[PDB]
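Subsequent text provides structure tokens for two forms of one protein chain, presented individually as structure 1 and structure 2.
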Structure 1
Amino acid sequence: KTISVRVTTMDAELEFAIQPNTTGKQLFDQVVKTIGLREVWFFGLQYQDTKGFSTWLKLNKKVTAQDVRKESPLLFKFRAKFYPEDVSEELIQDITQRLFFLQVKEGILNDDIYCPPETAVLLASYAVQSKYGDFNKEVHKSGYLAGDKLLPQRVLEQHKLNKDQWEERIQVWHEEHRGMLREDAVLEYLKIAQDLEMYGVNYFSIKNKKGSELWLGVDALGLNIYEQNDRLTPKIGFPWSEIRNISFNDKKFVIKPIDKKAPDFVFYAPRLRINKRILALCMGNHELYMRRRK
């Protein structure tokens, strides 16, 4: 058979024909070769389950052997799966920087990554500098931002500011960035974004051994437990250095702290495959974490 597949990066759409024996690795390799990406360790191919979950393709398995939702064409999103600890030291290629910028900016503008208003205005000004270059008055006259989506809806809704007021606040900062190259505006954006509480955190709905609703966060530095209505402030923090072991079986997951005296933290996921995906992200993040320290 010849199966039709689309892979979308943040700024490219690729249509492929594959065969039943094509592996995720072979699809991934063709994607990164087409776009010129060398820093591949951060990225993966996301898809929708037969039951509607967003998960990552296994590159060491056949594409059809995984339970990708049966549609034509098959739809994959080439996205960052792991985040660096410091964008300045770790994102060396310009394409890598731009793919992280677009993906992060998308999550900020769609309210998936919480951002307070003052930070949102400042981030928008660096995105403006990245798109328009230097603020020039022969080129940029009043209303030049009216067609740009610049701020998260949550920021708009709070605040009684009109569009022109938001655009003037952003314009003030845009003027401040005069002379900044477009790749430096992109990296400046990411330096601010990487300090946000929700940046680079994979959230999973989980439950206490009592049944209370919580969130688990998996990120580059370890695991966090959050209250149900506060994904900004971790209730309990488990950096890798403070974890003795982690285990899962079926739906149950257990974190043992480096200190026997300290109690185990026990939580439940809704499905076995969620626990597998949590652990896949723990192992990948733990692995990159150790690699940075060689």
Structure 2
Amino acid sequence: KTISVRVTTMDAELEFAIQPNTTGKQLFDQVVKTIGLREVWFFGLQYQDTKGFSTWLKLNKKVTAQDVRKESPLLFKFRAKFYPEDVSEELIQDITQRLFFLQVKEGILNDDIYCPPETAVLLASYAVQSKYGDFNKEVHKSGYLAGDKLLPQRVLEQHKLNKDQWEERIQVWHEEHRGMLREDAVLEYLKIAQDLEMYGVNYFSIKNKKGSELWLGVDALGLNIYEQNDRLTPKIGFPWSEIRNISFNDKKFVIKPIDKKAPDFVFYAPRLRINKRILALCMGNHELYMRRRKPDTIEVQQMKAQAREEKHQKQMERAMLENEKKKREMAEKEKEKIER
């Protein structure tokens, strides 16, 4: 009596045939096991509920009991729910970097995450290096990037350059990355992107006591209040260290400071659902904040090592390959000179 489910990661598609009593947890486990992700703490299963709200699957309940939009298969998006503080320090596996890279690039390209042009071109140069490998004047002739969406729409139509003049600027940078591993360009992409003001921020529309409209931001470090007009710079910052507790009562959402003699900050949200979603994200972000500031578990040390073994194997498999190619590129230089 199996229900069919489709799970789409940022670059792969999975079908499972679950039982009707299968938990989110059990499905999640089959997913990360299928693609060899062990850094599971960052990720979740996203879906559309019966009213078209995009919703995180709850791992401790039956999949079928969570108001999933009815169709065969059920459709989930495997996505990053949480972002590390430093991609260099905390993204261990190749799979993990790639899914983060792809999810963040989508956000940059569709203008969800704001990016100045120069930085946009620079990020575009690292994506090109990952997709096309070392630039090559033979293979990469003019307009070899013509069929590629490399910049955000906002960059394209507020600057006078044409798409070829953008492509040319991205090419200069692509030449400088010659010798960069595909995977090492992914990380450089992430090292630039993780510094942007809007990277790793979940915003919700809120109103203050008075009633002035605002945004709330929740990220790995805490909560922020932004003006309606400006989601780049916080008005005030609420880092975990400076917060006693965080509470909702229906539409009312409250931040109580550490300083018992300091007054509480109070906000209202359009619905209870928004307030549940906000508190869950704070809980999840705070949980990983605290874990980040504790020695690697034994498990994590083994992932760090398993990761190191596998990259070495790949490094050698790329040298063994490159060695046989230079035998063949020569074996033609020999037969080309015997002719001439």
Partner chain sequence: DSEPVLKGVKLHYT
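Throughout, residue numbering runs from 1 along the sequence of structure 1. Think of the rigid core as the biggest set of C-alphas that the two forms share within 1.5 Å after superposition.
The form deposited with the partner chain bound appears here as structure 1; structure 2 is the other form of the chain.
Just one of the listed positions, 31, 255, 68, 45, moves its Cα by at least 2 Å between structure 1 and structure 2 when the rigid core is held fixed, and it is 68.
Comparing between structure 1 and structure 2 on a rigid core frame, one finds that residue 176 has its C-alpha moved by 0.8 Å. For residue 17, the CA shift between structure 1 and structure 2 after superposing the rigid core equals 2.2 Å.
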